[PDB]
Amino acid sequence: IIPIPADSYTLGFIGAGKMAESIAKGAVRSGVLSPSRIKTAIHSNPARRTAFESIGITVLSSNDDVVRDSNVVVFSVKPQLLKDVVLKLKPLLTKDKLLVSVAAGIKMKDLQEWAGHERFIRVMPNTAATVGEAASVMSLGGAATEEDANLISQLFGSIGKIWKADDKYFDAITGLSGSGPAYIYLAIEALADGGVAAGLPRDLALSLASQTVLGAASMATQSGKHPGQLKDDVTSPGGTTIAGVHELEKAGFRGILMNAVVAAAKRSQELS
Amino acid sequence: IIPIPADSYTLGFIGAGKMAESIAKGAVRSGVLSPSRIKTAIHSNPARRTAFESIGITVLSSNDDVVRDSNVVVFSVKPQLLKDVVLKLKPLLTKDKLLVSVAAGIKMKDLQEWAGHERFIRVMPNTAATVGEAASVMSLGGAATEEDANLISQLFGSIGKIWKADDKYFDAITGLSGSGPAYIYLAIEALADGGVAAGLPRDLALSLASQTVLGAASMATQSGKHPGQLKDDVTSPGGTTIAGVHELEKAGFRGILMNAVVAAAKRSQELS
Amino acid sequence: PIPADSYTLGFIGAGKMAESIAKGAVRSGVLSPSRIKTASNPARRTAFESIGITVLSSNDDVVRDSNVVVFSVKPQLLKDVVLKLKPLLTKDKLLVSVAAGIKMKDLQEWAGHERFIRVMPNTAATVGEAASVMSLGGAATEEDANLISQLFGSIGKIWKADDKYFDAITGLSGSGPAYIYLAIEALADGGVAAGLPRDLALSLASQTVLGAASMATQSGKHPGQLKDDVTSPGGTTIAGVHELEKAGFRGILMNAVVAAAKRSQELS
Amino acid sequence: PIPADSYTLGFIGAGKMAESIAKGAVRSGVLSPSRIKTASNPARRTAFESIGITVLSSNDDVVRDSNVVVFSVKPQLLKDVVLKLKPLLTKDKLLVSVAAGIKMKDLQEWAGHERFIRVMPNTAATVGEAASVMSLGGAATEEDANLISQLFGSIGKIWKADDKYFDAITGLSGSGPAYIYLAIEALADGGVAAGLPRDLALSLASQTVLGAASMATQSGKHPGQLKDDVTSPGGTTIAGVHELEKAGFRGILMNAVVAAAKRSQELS
Ligand code: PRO
Ligand code: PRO
Ligand code: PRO
Ligand code: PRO
């Protein structure tokens with residue numbers, strides 16, 4: 001358990017999907033890494049190979065060599081495949097390498113057993129990694145150090161925001177930050193549909209819906225205010241806003257979003 | 001109707017509230033122009049005076065003089081006060097001066113009648129101007145030129161996004177981009193409450209809710225995809241996301257947000 | 001490997017579905033009636049003979065003379081029919097089941113080999129607009145799959161899917177037509193409620209549904225984008241869409257598919 | 001009589017609908033491009049020229065050279081366009097409006113005669129599956145009606161109805177497609193909710209809806225009878241139907257048609 005060189009470490013991606021690509025592009029764009037310090041492996045796909053080569057990253061032909069040449073290894077293969085991929089690589093997963101999983105649903109306990117050591121970090125990002133606005137959370141294996149954690153905070157700080165949480169919260173986090181985008185995509189469509197129902201042109205309605213939601217969320221993220229206080233700031237007496245809010249409350253809007261989160265968290269638990 | 005000098009115009013703020021401050025700071029930050037080209041008038045308030053002076057803007061003691069010395073005049077007084085303010089200034093509101101109103105609910109027809117001419121532009125921003133992510137729309141008076149329009153698009157561009165729309169759409173716009181932030185503030189709180197209901201710590205739940213909403217909206221604003229396609233991208237077969245979406249649909253979630261927009265638009269129309 | 005242009009096809013079970021597949025294959029020229037065989041009912045006999053197909057008197061002989069065998073007997077009877085024919089079901093013969101609810105695992109065990117394809121069509125086979133899905137046994141080849149794609153392309157559209165999805169498919173493409181029959185009737189009733197004559201209302205409802213689905217199948221657009229294209233500002237379409245959304249219309253159709261899939265699973 | 005086999009057709013308004021009609025009429029051989037003429041975008045010129053149709057530079061000349069004239073300009077513009085052309089709108093020329101919301105009474109007053117037919121198509125014209133209805137001006141002949149049935153039979157189906165029904169028709173065939181687009185999406189979402197892949201779920205949802213509607217349009221059966229045909233005892237289909245009925249599904253689609261019809265009436 002030698003510390004990972006903060007400025008000079010090499011990063012290996014096992015699994016070359018969208019999420020790996022988003023992390024690699026983000027890390028390069030923000031200067032956390034240069035492409036020469038990143039490796040990935042691809043077998044079947046010439047298209048995925050292009051995506052990585054086109055940003056200056058060397059694509060090797062085996063997972064084995066990616067691991068050998070990497071200080072930090074990020075596993076992003078489909079969850080059902082991960083176990084076998086880890087077991088295959090096990091002899092090369094020496095304790096001087098920091099391992100990271102972004103696989104949905106795979107608990108720390110299992111990651112550590114498969115790898116045979118506890119220098120492992122688990123990250124659950126979400127779909128907004130693509131535009132650098134992910135909501136990510138990380139949990140630490142029993143041998144992951146504070147310096148390991150900071151290294152991974154910096155890496156994933158390049159695709160959005162990142163927080164720390166106990167592994168036991170990850171089902172619930174899945175129902176909120178993992179699944180929540182889709183609740184907001186519905187909301188944006190419905191707002192647009194509402195604008196059209198009130199007489200707006202479709203393109204304007206949709207533009208305004210998206211940006212209105214973006215704006216409100218930015219107010220929430222930056223203002224340091226409770227959401228109740230933000231709602232109080234825009235609800236003028238007997239005005240348009242409070243009329244709309246009242247309809248939401250009549251229908252139990254808040255409860256409906258609570259139910260979604262809860263059901264999704266419950267499904268996450270059931271999928272084990 | 002001489003064109004406004006694009007590089008050398010002077011700007012006057014009648015009404016020195018948060019919205020005027022935001023536009024002024026933004027314009028200066030982004031280099032659209034220097035504080036020396038900007039004037040505002042304040043009577044009662046030494047605190048509002050500080051806010052403007054502290055960014056290098058000269059505060060005069062009368063509205064009359066602000067207008068005299070300005071090519072472009074932005075009215076941001078409370079809507080109920082606007083009519084009387086305009087009527088008082090009317091002799092000074094000559095056709096060579098481009099007028100702009102950010103007042104909620106005041107129609108172009110009325111602006112033009114009060115001012116006695118048609119070189120008037122109406123801008124309806126929303127509350128996210130504070131963090132530079134406003135959803136704004138502009139309508140043009142009968143004598144406002146394309147160049148006038150561009151001058152305003154550029155002036156305002158510091159506070160968010162701006163779209164052009166007929167004045168007749170503005171009641172409805174109020175129900176969507178004006179009032180919509182409060183719908184999202186409810187949504188953020190409800191998502192947080194949902195996370196806590198599923199076992200998450202409050203601070204994490206709130207941080208995730210806000211950033212999950214921000215991320216989704218960013219995906220919608222940048223991706224070029226229909227919201228339905230974005231939802232389809234994140235709904236894995238039999239997964240957590242679709243379970244949550246299903247609860248939203250069972251409850252008529254989209255129809256509720258439509259009802260809010262429509263009721264708010266209806267209230268806007270009733271408030272005249 | 002089955003001869004692509006000269007194979008013979010045998011139908012075990014001579015019901016509506018087998019008739020539809022036979023007629024479709026002939027109409028479209030995939031097959032000539034002389035290349036088709038099938039095996040109490042004089043009326044069913046007529047249906048096959050009337051399109052030029054030879055009706056034999058035993059299942060055994062249909063199998064002997066066929067490269068490809070399609071089983072369309074009632075599901076509860078299939079096991080015994082297959083076990084009876086087993087000695088004749090040699091590996092050079094591609095077997096196909098259209099039986100509702102019978103898993104690939106079971107088909108393969110009954111036959112004693114894995115050169116088996118499962119197809120689940122739906123009721124619209126009758127008018128050549130079936131929504132069908134196929135799963136492949138462990139020894140079914142790509143060429144076997146293409147042969148069956150071509151055969152069932154003659155009665156509608158066909159897609160590939162893992163056998164494990166077949167319960168859920170049943171709740172969507174199997175059961176979905178009924179959801180649409182209710183919708184057509186309710187649309188007609190709606191037209192009448194708004195003052196239209198009944199015959200017109202019904203004609204419009206059916207052809208409106210047909211037209212919309214054709215737009216969906218051919219446009220390459222997401223349904224949401226299609227809905228956006230027709231929803232004029234403050235117009236008639238959006239007013240109607242708003243009533244749907246107030247009532248949770250989407251959710252109700254999701255519930256139907258989910259409950260039907262759950263029932264399919266329970267029926268094993 | 002308009003010459004049934006040799007008439008020339010003129011499009012005043014060169015939007016999507018006019019393009020769909022022109023392409024349909026050509027594809028099906030009702031017309032050759034040389035027998036069609038049209039007269040706001042240099043891009044729209046390409047769309048018509050690219051299928052062999054001559055674009056003229058004035059509405060006046062389109063009319064002069066046409067036996068049959070189809071008005072597809074935006075409804076608010078139609079009155080002024082007709083009034084401008086009035087001296088050229090002689091009684092030997094059959095006039096047609098596809099403009100939403102414009103009553104026969106008004107069309108006839110603007111044109112100064114009653115040899116006018118009104119057609120309300122819907123969005124599925126683009127794929128040749130429109131649901132259209134026509135009403136006849138006081139001087140439109142049976143032969144005029146047949147000519148227009150044939151023309152619009154090239155973009156889907158067409159029925160006759162009194163002008164007074166056109167608000168309600170709008171709520172049903174005009175607005176209905178969107179109801180179906182929501183249905184298709186919801187059925188796909190339902191499939192995914194039951195475990196299906198998205199692409200398969202969507203493909204199946206669209207084709208299932210297309211198939212069902214084809215059964216309705218071709219079978220000659222009442223929708224209730226078609227629902228009875230697919231609802232097996234205690235099976236998957238009836239479990240899904242039951243969920244629909246628990247929620248009042250039929251009523252919701254009735255509400256949509258009614259509210260849309262009401263809005264059409266309000267938009268005058
Ligand atoms: O609550 C209201 O009426 C004002 C107007 C839109 C934004 N807030
Ligand atoms: O739907 C699912 O299961 C995955 C996990 C969260 C986002 N998509
Ligand atoms: O939404 C509307 O008003 C138009 C007319 C029917 C189809 N779309
Ligand atoms: O209702 C049932 O169970 C069968 C299966 C789908 C079509 N009808």
# chains A, B, ... in the order shown; residues from 1 in each chain; ligands from 1
call {"tool": "residues_near_ligand", "arguments": {"ligand": "ligand 1", "cutoff": "9 Å", "atoms": "only C-alpha atoms and all ligand atoms", "output": "PyMOL selection string"}}
result
(chain A and resi 233-244) or (chain B and resi 104-105+125-127+174-182+264+267-268+271)
call {"tool": "residues_near_ligand", "arguments": {"ligand": "ligand 4", "cutoff": "10 Å", "atoms": "only C-alpha atoms and all ligand atoms", "output": "MDAnalysis selection string"}}
result
(chainID C and resid 100:101 120:123 167 169:178 260:261 263:264 267) or (chainID D and resid 227:241)
call {"tool": "write_last_selection", "arguments": {"atoms": "C-alpha atoms", "output": "compact mmCIF listing (two decimals), in the first residue's frame"}}
result
# COMPACT_ATOMS: atom_id res chain seq x y z
CA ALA C 100 -48.12 -19.81 -26.36
CA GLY C 101 -46.31 -20.20 -23.00
CA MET C 120 -44.63 -15.93 -30.62
CA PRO C 121 -46.82 -14.22 -33.13
CA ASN C 122 -50.05 -12.24 -32.33
CA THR C 123 -53.56 -12.06 -33.65
CA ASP C 167 -43.88 -13.42 -20.64
CA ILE C 169 -43.79 -9.85 -24.72
CA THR C 170 -47.09 -11.65 -24.18
CA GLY C 171 -48.39 -8.76 -22.08
CA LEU C 172 -47.42 -6.25 -24.82
CA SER C 173 -47.69 -7.69 -28.34
CA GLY C 174 -49.83 -10.70 -27.38
CA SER C 175 -52.37 -8.86 -25.28
CA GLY C 176 -51.94 -5.35 -26.64
CA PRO C 177 -54.44 -5.72 -29.45
CA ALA C 178 -57.28 -5.86 -27.04
CA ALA C 260 -50.77 -9.02 -18.25
CA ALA C 261 -47.01 -9.92 -18.06
CA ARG C 263 -50.43 -13.15 -15.42
CA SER C 264 -48.34 -14.71 -18.20
CA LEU C 267 -49.69 -19.26 -16.05
CA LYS D 227 -61.74 -7.86 -28.00
CA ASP D 228 -63.82 -11.06 -27.30
CA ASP D 229 -61.76 -12.96 -29.89
CA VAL D 230 -58.47 -12.30 -28.04
CA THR D 231 -59.62 -12.45 -24.42
CA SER D 232 -58.95 -16.12 -23.39
CA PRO D 233 -60.53 -17.33 -20.15
CA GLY D 234 -58.50 -16.20 -17.14
CA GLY D 235 -55.65 -15.33 -19.53
CA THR D 236 -53.11 -12.52 -19.92
CA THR D 237 -55.26 -10.35 -22.17
CA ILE D 238 -58.25 -10.16 -19.90
CA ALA D 239 -55.99 -9.40 -16.94
CA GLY D 240 -54.68 -6.39 -18.89
CA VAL D 241 -58.15 -5.37 -20.02
call {"tool": "atom_distance", "arguments": {"atom1": "atom CA of residue 214 of chain B", "atom2": "atom CA of residue 156 of chain A"}}
result
16.6 Å
call {"tool": "closest_residue", "arguments": {"among": "D:113, D:198, D:118, D:160", "to": "chain B", "atoms": "only C-alpha atoms"}}
result
D:198
call {"tool": "select_by_dssp", "arguments": {"residues": "segment 26-252 of chain D", "states": "strand (DSSP E or B)", "output": "ChimeraX atom specification"}}
result
/D:36-38,54-55,68-71,94-97,116-120,130-136,156-160
call {"tool": "interface_residues", "arguments": {"of": "chain A", "to": "chain C", "cutoff": "9 Å", "atoms": "only C-alpha atoms", "output": "list in words"}}
result
residues 189, 193, 194, 195, 196, 197, 198, 199, 200, 201 and 202 of chain A
call {"tool": "residues_around", "arguments": {"residues": "residue 81 of chain A", "least_positions_apart": "4", "cutoff": "12 Å", "atoms": "only C-alpha atoms", "output": "number ranges by chain"}}
result
A: 14-15, 75-77, 85-88, 103-104, 106
call {"tool": "select_by_dssp", "arguments": {"residues": "segment 56-200 of chain B", "states": "alpha helix (DSSP H)", "output": "PDB file with C-alpha atoms, in the first residue's frame"}}
result
ATOM      1  CA  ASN B  63     -34.966  59.791 -12.834  1.00  0.00           C
ATOM      2  CA  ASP B  64     -35.069  62.797 -15.189  1.00  0.00           C
ATOM      3  CA  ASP B  65     -31.314  63.078 -15.358  1.00  0.00           C
ATOM      4  CA  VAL B  66     -30.770  59.348 -15.762  1.00  0.00           C
ATOM      5  CA  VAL B  67     -33.009  59.552 -18.841  1.00  0.00           C
ATOM      6  CA  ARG B  68     -31.444  62.751 -20.306  1.00  0.00           C
ATOM      7  CA  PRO B  79     -45.154  46.843 -12.149  1.00  0.00           C
ATOM      8  CA  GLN B  80     -47.895  48.825 -10.309  1.00  0.00           C
ATOM      9  CA  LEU B  81     -45.603  51.881 -10.206  1.00  0.00           C
ATOM     10  CA  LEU B  82     -44.485  51.763 -13.816  1.00  0.00           C
ATOM     11  CA  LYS B  83     -47.328  53.647 -15.442  1.00  0.00           C
ATOM     12  CA  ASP B  84     -46.939  56.716 -13.269  1.00  0.00           C
ATOM     13  CA  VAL B  85     -43.144  56.658 -13.573  1.00  0.00           C
ATOM     14  CA  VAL B  86     -43.372  56.590 -17.367  1.00  0.00           C
ATOM     15  CA  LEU B  87     -46.004  59.340 -17.545  1.00  0.00           C
ATOM     16  CA  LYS B  88     -43.876  61.574 -15.311  1.00  0.00           C
ATOM     17  CA  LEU B  89     -40.818  61.090 -17.582  1.00  0.00           C
ATOM     18  CA  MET B 108     -46.348  46.256 -25.112  1.00  0.00           C
ATOM     19  CA  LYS B 109     -49.486  48.101 -26.205  1.00  0.00           C
ATOM     20  CA  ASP B 110     -49.588  49.835 -22.823  1.00  0.00           C
ATOM     21  CA  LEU B 111     -45.902  50.584 -22.692  1.00  0.00           C
ATOM     22  CA  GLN B 112     -46.083  52.269 -26.022  1.00  0.00           C
ATOM     23  CA  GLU B 113     -49.164  54.304 -25.113  1.00  0.00           C
ATOM     24  CA  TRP B 114     -47.595  55.494 -21.876  1.00  0.00           C
ATOM     25  CA  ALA B 115     -44.358  56.486 -23.575  1.00  0.00           C
ATOM     26  CA  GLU B 146     -33.383  44.490 -35.490  1.00  0.00           C
ATOM     27  CA  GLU B 147     -30.300  46.367 -34.307  1.00  0.00           C
ATOM     28  CA  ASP B 148     -32.196  47.482 -31.188  1.00  0.00           C
ATOM     29  CA  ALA B 149     -33.050  43.811 -30.616  1.00  0.00           C
ATOM     30  CA  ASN B 150     -29.465  42.714 -30.967  1.00  0.00           C
ATOM     31  CA  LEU B 151     -28.251  45.421 -28.673  1.00  0.00           C
ATOM     32  CA  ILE B 152     -30.636  44.098 -26.031  1.00  0.00           C
ATOM     33  CA  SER B 153     -29.894  40.379 -26.696  1.00  0.00           C
ATOM     34  CA  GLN B 154     -26.204  41.336 -26.047  1.00  0.00           C
ATOM     35  CA  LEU B 155     -26.872  43.486 -23.003  1.00  0.00           C
ATOM     36  CA  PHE B 156     -28.903  40.840 -21.281  1.00  0.00           C
ATOM     37  CA  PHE B 170     -46.301  36.592 -22.296  1.00  0.00           C
ATOM     38  CA  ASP B 171     -49.112  35.492 -19.832  1.00  0.00           C
ATOM     39  CA  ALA B 172     -48.405  31.946 -20.702  1.00  0.00           C
ATOM     40  CA  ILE B 173     -44.646  32.485 -20.549  1.00  0.00           C
ATOM     41  CA  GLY B 180     -41.768  27.428 -13.027  1.00  0.00           C
ATOM     42  CA  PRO B 181     -38.824  27.793 -10.676  1.00  0.00           C
ATOM     43  CA  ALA B 182     -41.109  27.357  -7.693  1.00  0.00           C
ATOM     44  CA  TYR B 183     -42.395  24.082  -9.132  1.00  0.00           C
ATOM     45  CA  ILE B 184     -38.836  22.927  -9.240  1.00  0.00           C
ATOM     46  CA  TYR B 185     -38.061  24.071  -5.737  1.00  0.00           C
ATOM     47  CA  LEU B 186     -40.948  21.861  -4.565  1.00  0.00           C
ATOM     48  CA  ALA B 187     -39.587  19.067  -6.676  1.00  0.00           C
ATOM     49  CA  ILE B 188     -36.090  19.382  -5.196  1.00  0.00           C
ATOM     50  CA  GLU B 189     -37.435  19.331  -1.650  1.00  0.00           C
ATOM     51  CA  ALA B 190     -39.665  16.370  -2.423  1.00  0.00           C
ATOM     52  CA  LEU B 191     -36.806  14.465  -3.986  1.00  0.00           C
ATOM     53  CA  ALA B 192     -34.710  15.117  -0.918  1.00  0.00           C
ATOM     54  CA  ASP B 193     -37.544  14.086   1.371  1.00  0.00           C
ATOM     55  CA  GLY B 194     -37.882  10.933  -0.757  1.00  0.00           C
ATOM     56  CA  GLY B 195     -34.203  10.110  -0.346  1.00  0.00           C
ATOM     57  CA  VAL B 196     -34.530  10.543   3.434  1.00  0.00           C
ATOM     58  CA  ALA B 197     -37.625   8.348   3.314  1.00  0.00           C
TER      59      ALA B 197
END
call {"tool": "residues_around", "arguments": {"residues": "residue 19 of chain A", "least_positions_apart": "3", "cutoff": "8 Å", "atoms": "only C-alpha atoms", "output": "PyMOL selection string"}}
result
chain A and resi 16+22-23+76+129-130
call {"tool": "residues_around", "arguments": {"residues": "segment 14-31 of chain C", "least_positions_apart": "2", "cutoff": "9 Å", "atoms": "only C-alpha atoms", "output": "PDB file with C-alpha atoms, in the first residue's frame"}}
result
ATOM      1  CA  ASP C   5     -34.984 -22.190 -51.829  1.00  0.00           C
ATOM      2  CA  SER C   6     -36.171 -25.826 -51.942  1.00  0.00           C
ATOM      3  CA  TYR C   7     -37.046 -26.806 -48.371  1.00  0.00           C
ATOM      4  CA  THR C   8     -40.305 -28.505 -47.545  1.00  0.00           C
ATOM      5  CA  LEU C   9     -42.467 -27.238 -44.708  1.00  0.00           C
ATOM      6  CA  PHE C  11     -47.491 -28.098 -40.215  1.00  0.00           C
ATOM      7  CA  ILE C  12     -48.378 -30.057 -37.152  1.00  0.00           C
ATOM      8  CA  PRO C  33     -48.173 -25.079 -52.030  1.00  0.00           C
ATOM      9  CA  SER C  34     -46.536 -28.275 -53.334  1.00  0.00           C
ATOM     10  CA  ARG C  35     -43.693 -27.708 -50.813  1.00  0.00           C
ATOM     11  CA  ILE C  36     -46.139 -27.605 -47.901  1.00  0.00           C
ATOM     12  CA  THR C  38     -50.165 -30.652 -43.079  1.00  0.00           C
ATOM     13  CA  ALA C  39     -52.117 -33.425 -41.296  1.00  0.00           C
ATOM     14  CA  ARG C  44     -59.927 -27.428 -41.881  1.00  0.00           C
ATOM     15  CA  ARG C  45     -59.092 -29.871 -44.675  1.00  0.00           C
ATOM     16  CA  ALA C  47     -59.065 -24.480 -45.946  1.00  0.00           C
ATOM     17  CA  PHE C  48     -55.656 -26.076 -46.781  1.00  0.00           C
ATOM     18  CA  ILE C  51     -54.981 -23.082 -51.463  1.00  0.00           C
ATOM     19  CA  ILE C  53     -51.710 -27.737 -50.040  1.00  0.00           C
ATOM     20  CA  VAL C  70     -44.017 -25.976 -37.386  1.00  0.00           C
ATOM     21  CA  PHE C  71     -45.946 -27.011 -34.268  1.00  0.00           C
ATOM     22  CA  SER C  72     -49.152 -25.033 -33.787  1.00  0.00           C
ATOM     23  CA  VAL C  73     -51.250 -27.400 -31.689  1.00  0.00           C
ATOM     24  CA  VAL C  98     -45.656 -21.113 -32.111  1.00  0.00           C
ATOM     25  CA  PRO C 121     -46.822 -14.221 -33.134  1.00  0.00           C
ATOM     26  CA  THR C 123     -53.555 -12.057 -33.648  1.00  0.00           C
ATOM     27  CA  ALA C 125     -51.193 -12.489 -38.504  1.00  0.00           C
ATOM     28  CA  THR C 126     -54.624 -12.781 -40.032  1.00  0.00           C
ATOM     29  CA  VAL C 127     -54.108  -9.525 -41.968  1.00  0.00           C
ATOM     30  CA  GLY C 128     -50.351  -9.847 -42.403  1.00  0.00           C
ATOM     31  CA  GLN C 150     -38.347 -14.846 -43.995  1.00  0.00           C
ATOM     32  CA  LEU C 151     -41.220 -17.257 -43.313  1.00  0.00           C
ATOM     33  CA  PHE C 152     -42.764 -15.079 -40.544  1.00  0.00           C
ATOM     34  CA  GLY C 153     -41.898 -11.809 -42.392  1.00  0.00           C
ATOM     35  CA  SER C 154     -44.687 -13.003 -44.670  1.00  0.00           C
ATOM     36  CA  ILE C 155     -47.386 -12.501 -41.912  1.00  0.00           C
TER      37      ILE C 155
END
call {"tool": "closest_atom_pairs", "arguments": {"of": "chain D", "to": "ligand 2", "cutoff": "12 Å", "atoms": "only C-alpha atoms and all ligand atoms", "output": "JSON lines"}}
result
{"residue": "D:192", "atom": "CA", "partner": "ligand 2", "partner_atom_place_in_ligand_line": "1 (O)", "distance": 10.0}
{"residue": "D:193", "atom": "CA", "partner": "ligand 2", "partner_atom_place_in_ligand_line": "1 (O)", "distance": 9.9}
{"residue": "D:195", "atom": "CA", "partner": "ligand 2", "partner_atom_place_in_ligand_line": "1 (O)", "distance": 10.8}
{"residue": "D:197", "atom": "CA", "partner": "ligand 2", "partner_atom_place_in_ligand_line": "1 (O)", "distance": 11.4}
{"residue": "D:198", "atom": "CA", "partner": "ligand 2", "partner_atom_place_in_ligand_line": "1 (O)", "distance": 11.5}
call {"tool": "closest_residue", "arguments": {"among": "C:32, C:146, C:208, C:58", "to": "ligand 3", "atoms": "only C-alpha atoms and all ligand atoms"}}
result
C:208
call {"tool": "atom_distance", "arguments": {"atom1": "atom CA of residue 10 of chain C", "atom2": "atom CA of residue 68 of chain C"}}
result
6.1 Å
call {"tool": "atom_distance", "arguments": {"atom1": "atom CA of residue 60 of chain D", "atom2": "atom CA of residue 116 of chain D"}}
result
18.0 Å
call {"tool": "closest_residue", "arguments": {"among": "B:36, B:101, B:136, B:272", "to": "chain A", "atoms": "only C-alpha atoms"}}
result
B:136
call {"tool": "residues_around", "arguments": {"residues": "residue 159 of chain D", "least_positions_apart": "2", "cutoff": "9 Å", "atoms": "only C-alpha atoms", "output": "PDB file with C-alpha atoms, in the first residue's frame"}}
result
ATOM      1  CA  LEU C 200     -68.382   7.650 -39.474  1.00  0.00           C
ATOM      2  CA  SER C 203     -64.458   4.404 -39.453  1.00  0.00           C
ATOM      3  CA  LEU C 204     -62.514   7.456 -38.411  1.00  0.00           C
TER       4      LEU C 204
ATOM      5  CA  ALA D 131     -58.281   9.694 -42.294  1.00  0.00           C
ATOM      6  CA  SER D 132     -60.015  12.339 -44.352  1.00  0.00           C
ATOM      7  CA  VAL D 133     -63.543  13.671 -44.592  1.00  0.00           C
ATOM      8  CA  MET D 134     -65.136  15.763 -47.321  1.00  0.00           C
ATOM      9  CA  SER D 135     -68.160  18.107 -47.449  1.00  0.00           C
ATOM     10  CA  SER D 149     -62.449  10.823 -53.424  1.00  0.00           C
ATOM     11  CA  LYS D 157     -59.128   6.878 -46.773  1.00  0.00           C
ATOM     12  CA  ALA D 161     -69.848  14.207 -44.054  1.00  0.00           C
TER      13      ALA D 161
END
call {"tool": "residues_around", "arguments": {"residues": "residue 83 of chain C", "least_positions_apart": "6", "cutoff": "12 Å", "atoms": "only C-alpha atoms", "output": "PDB file with C-alpha atoms, in the first residue's frame"}}
result
ATOM      1  CA  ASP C  60     -45.657 -39.022 -38.850  1.00  0.00           C
ATOM      2  CA  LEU C  77     -51.362 -30.956 -26.229  1.00  0.00           C
ATOM      3  CA  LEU C  89     -37.406 -35.653 -35.132  1.00  0.00           C
ATOM      4  CA  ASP C 106     -38.967 -27.645 -22.471  1.00  0.00           C
ATOM      5  CA  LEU C 107     -39.265 -27.795 -26.268  1.00  0.00           C
ATOM      6  CA  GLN C 108     -35.650 -28.987 -26.473  1.00  0.00           C
ATOM      7  CA  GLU C 109     -36.105 -31.631 -23.744  1.00  0.00           C
ATOM      8  CA  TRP C 110     -39.222 -33.033 -25.386  1.00  0.00           C
ATOM      9  CA  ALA C 111     -37.618 -33.214 -28.828  1.00  0.00           C
ATOM     10  CA  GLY C 112     -34.304 -34.477 -27.494  1.00  0.00           C
TER      11      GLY C 112
END
call {"tool": "decode", "arguments": {"residues": "segment 244-271 of chain A", "atoms": "C-alpha atoms", "output": "PDB file, in the first residue's frame"}}
result
ATOM      1  CA  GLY A 244     -49.390  27.239  -9.798  1.00  0.00           C
ATOM      2  CA  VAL A 245     -47.923  25.977  -6.545  1.00  0.00           C
ATOM      3  CA  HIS A 246     -51.341  25.601  -5.083  1.00  0.00           C
ATOM      4  CA  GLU A 247     -52.344  23.264  -7.942  1.00  0.00           C
ATOM      5  CA  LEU A 248     -49.268  21.203  -7.294  1.00  0.00           C
ATOM      6  CA  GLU A 249     -50.145  20.897  -3.648  1.00  0.00           C
ATOM      7  CA  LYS A 250     -53.769  20.079  -4.312  1.00  0.00           C
ATOM      8  CA  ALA A 251     -52.628  17.114  -6.297  1.00  0.00           C
ATOM      9  CA  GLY A 252     -50.010  15.891  -3.805  1.00  0.00           C
ATOM     10  CA  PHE A 253     -47.053  16.571  -6.155  1.00  0.00           C
ATOM     11  CA  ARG A 254     -44.436  16.311  -3.464  1.00  0.00           C
ATOM     12  CA  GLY A 255     -45.778  12.938  -2.338  1.00  0.00           C
ATOM     13  CA  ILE A 256     -45.649  11.609  -5.899  1.00  0.00           C
ATOM     14  CA  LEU A 257     -41.953  12.378  -6.217  1.00  0.00           C
ATOM     15  CA  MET A 258     -41.358  10.810  -2.840  1.00  0.00           C
ATOM     16  CA  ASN A 259     -43.104   7.688  -4.011  1.00  0.00           C
ATOM     17  CA  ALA A 260     -40.938   7.512  -7.068  1.00  0.00           C
ATOM     18  CA  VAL A 261     -37.742   7.724  -5.094  1.00  0.00           C
ATOM     19  CA  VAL A 262     -38.928   5.112  -2.634  1.00  0.00           C
ATOM     20  CA  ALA A 263     -40.065   2.685  -5.291  1.00  0.00           C
ATOM     21  CA  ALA A 264     -36.904   3.021  -7.227  1.00  0.00           C
ATOM     22  CA  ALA A 265     -34.807   2.467  -4.060  1.00  0.00           C
ATOM     23  CA  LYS A 266     -36.864  -0.542  -3.301  1.00  0.00           C
ATOM     24  CA  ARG A 267     -36.342  -1.941  -6.793  1.00  0.00           C
ATOM     25  CA  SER A 268     -32.613  -1.358  -6.430  1.00  0.00           C
ATOM     26  CA  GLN A 269     -32.605  -3.385  -3.272  1.00  0.00           C
ATOM     27  CA  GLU A 270     -34.576  -6.163  -4.933  1.00  0.00           C
ATOM     28  CA  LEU A 271     -32.131  -6.342  -7.812  1.00  0.00           C
TER      29      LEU A 271
END
